[PDB]
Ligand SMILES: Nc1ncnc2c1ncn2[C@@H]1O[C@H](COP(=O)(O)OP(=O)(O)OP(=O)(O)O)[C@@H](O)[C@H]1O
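A lone chain, given as structure tokens: the form solved without the ligand.
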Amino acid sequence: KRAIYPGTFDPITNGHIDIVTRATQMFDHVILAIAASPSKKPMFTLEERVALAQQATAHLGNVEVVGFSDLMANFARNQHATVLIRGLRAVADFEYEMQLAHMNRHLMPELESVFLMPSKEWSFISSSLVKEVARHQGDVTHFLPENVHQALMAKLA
């Protein structure tokens, strides 16, 4: 059973590590898929985001980190994935997630969207909030893997 966990991961946070770890306890192979997302004008290049996520997930044996610029559904078909994982923090996320999931089902009906809920510890964070705090020199060590925190410090230095 192959699952894809797609996202912008700009950068990957402890909330993302929490979701992917839960995914590996459920499915045999997990593809952590980083979308290029140019419309979002990401802080880190796709190459950087892939490198950060690879290092941050090295301890999880059945995680493969890959980048993509393709349509989500086509990339999942090309990875032979039948499960699409997304983390759900609150009601605000739930509405937008439904649109993407119904569109993905329209484009690939055999690809099942599944939602997981992060730990209470990471239920109020996002890449956007972590970047906002770090842009103002606020301490975000608690929310990011060690290698990611270093890269975010270095990127803003």
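In this text, rigid core is short for the largest set of C-alphas that superpose within 1.5 Å between two forms. Residue indices: 1-based, along the sequence shown.
In this entry, 93-101 shows the higher mean Cα temperature factor of the pair 42-50 and 93-101. Per-stretch averaging of Cα B factors for 54-62 and 102-110 places 54-62 on top. Comparing the listed residues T21, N147, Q137, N14, the entry records the largest Cα B-factor for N147.
Annotation for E121: C-alpha temperature factor in the lowest third relative to the rest of the modelled chain, per the entry. For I34, the recorded CA temperature factor ranks within the lowest third of the chain's modelled residues. Placement of the Cα temperature factor of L129 within the chain: middle third of the modelled residues, per the deposited record.
Another form, the form solved in complex with the ligand, is not on view; read the next lines as being about it.
In the deposited complex, at least one heavy atom of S126 sits within 4.5 Å of the ligand. Although the partner is absent here, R89 lies within 4.5 Å of the ligand in the deposited complex, judged by heavy atoms. Contact between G15 and the ligand in the deposited complex is found at the 4.5 Å heavy atom cutoff. Of the heavy atoms in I19, some are within 4.5 Å of the ligand in the deposited complex. Superposing the rigid core between the shown form and the other one leaves a single residue from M26, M103, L129, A90 with a C-alpha shift of at least 2 Å: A90. Contraction of the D18-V91 CA spacing by 3 Å or more is recorded in the deposited complex, set against this form.
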